[PDB]
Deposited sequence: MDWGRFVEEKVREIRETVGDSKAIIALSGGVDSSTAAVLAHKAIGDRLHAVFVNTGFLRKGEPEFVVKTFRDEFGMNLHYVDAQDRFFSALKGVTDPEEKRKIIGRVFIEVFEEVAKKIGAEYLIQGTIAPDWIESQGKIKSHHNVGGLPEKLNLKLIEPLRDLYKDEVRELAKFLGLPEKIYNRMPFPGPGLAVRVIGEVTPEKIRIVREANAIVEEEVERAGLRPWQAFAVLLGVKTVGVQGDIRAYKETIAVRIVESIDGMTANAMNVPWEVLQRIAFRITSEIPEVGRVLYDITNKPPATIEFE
C-alpha cells in the first residue's frame, strides 16, 4: 500500500471538485468522519466547515477532546453547536427505543440543516467507507475499515480516535432505558466513565465496554435512612467486527472495582449487574 500517494491524489481530487467553494462535514468524532475531515482540510483549508453537534448524550470529556483535536491542534474551521436543549426537550415522555432513535435522528438533521444554511457550502463531505442541496464527496468510499484506521494514523489523528470503540449516534440516550432525562444521562455518563477507566486500568481491549441505566430500583441507604437507588448494567463484549460477540470473561477483580466504584462514587446507584449474554441471541445494546 502507498498512503502518501493515496493522500496526495485524494487531496488533489477534492481540490479539483470543490474549487473555491465551501464544503461542509459532520464531525462525529468517529474515525471515518475524522479521517475524511482531515483530508478535506488539507485540500481546502478554511473553506472546509466542520460541524460538531453536542447532542447532550456524549461521553465524559468527549466534546472537549473533539474541540481540542480539531479546532486547537488541526486548526479546522470548526462550528461547535450546543443543541442539548433541543434533544432533551424533544425526547420528553418518550420511552420506546425505536421512537427515541427516530426523534434523535430528526433533531440532528434539523440542527445540521439550520447551521448548513448559514454556511452556504456547495459540497458535503462524508466519511462513507466501503464496508441540503449539496454535491456529495466521499473520499473514503473505496477503503475498508482496517484501511481507514491505518490512514487515520498516517494522517496524525490521535490513537484515541483511530483505535476507539464504536459509539452510537444517539449516544448515551440509548444507554438509558425509558425516558431520557438530564439526571439519568448524568448518572450513566459517570458510570460509563468508570467502566472505561477500569477496562483501561486492566489493559483490556474489548470491542465495546459501557454502562446502561436499567430503570430498576433497589433499596439502599444514603445518609442514615433508606432510599431508592438505580441499577446499572455493565456491557463488555469481545468481537472481530460485531457480526457476533461474546460477553467477555472479565477478571473478577476488574468487575469488583467497577461495582465498588459505581456504587460508592455515584450514590444514586445501588446495584450493578454484568451482562453475560452473547450475540446471538442478544443484541450488544439494550434496545
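A.B. asks: Map the modelled residues onto the deposited sequence and report the uncovered stretches in sequence order.
C.D. replies: Model skips only 132-152 of the deposited chain.
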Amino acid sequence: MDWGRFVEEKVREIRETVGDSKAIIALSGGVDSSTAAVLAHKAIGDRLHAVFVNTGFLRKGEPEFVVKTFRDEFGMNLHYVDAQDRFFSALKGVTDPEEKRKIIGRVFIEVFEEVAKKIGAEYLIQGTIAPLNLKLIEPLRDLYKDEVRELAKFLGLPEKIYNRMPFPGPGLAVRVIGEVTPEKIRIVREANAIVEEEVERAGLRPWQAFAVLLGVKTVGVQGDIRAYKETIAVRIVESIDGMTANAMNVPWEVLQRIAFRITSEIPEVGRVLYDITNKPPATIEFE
From here on, numbers count along this sequence of modelled residues.
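A.B. asks: Mean CA temperature factor from the deposited coordinates, higher in 232-240 or in 215-223?
C.D. replies: In the deposited entry, the stretch with the higher C-alpha B-factor mean is 215-223.
A.B. asks: Look over 190-198 and 120-128 in the entry and identify the one with the greater average Cα temperature factor.
C.D. replies: The stretch with the larger average C-alpha B-factor is 120-128.
A.B. asks: Per the coordinate record, which of the options 88, 210, 74, 108 holds the highest CA temperature factor?
C.D. replies: Answer for 88, 210, 74, 108: 74, with the highest C-alpha B-factor.
A.B. asks: Please place residue 136 in the lowest, middle or highest third of its chain by C-alpha B factor as given in the entry.
C.D. replies: It falls in the top third of the chain.
A.B. asks: Based on the deposited C-alpha B factors for this chain, I'd like to know if residue 43 is in the lowest, middle or highest third.
C.D. replies: It falls in the top third of the chain.
A.B. asks: Sorting the chain's modelled residues by C-alpha B-factor, tell me whether residue 56 ends up in the lowest, middle or highest third.
C.D. replies: Residue 56: CA B-factor falls in the lowest third of its chain.
A.B. asks: Looking at the C-alpha B-factor of residue 185, is it in the lowest, middle or highest third of its chain?
C.D. replies: Its C-alpha B-factor, which the entry lists for residue 185, ranks in the lowest third among residues of this chain.
A.B. asks: According to the PDB entry, is the CA B factor of residue 275 in the bottom, middle or top third of its chain, that is, lowest, middle or highest?
C.D. replies: It falls in the bottom third of the chain.
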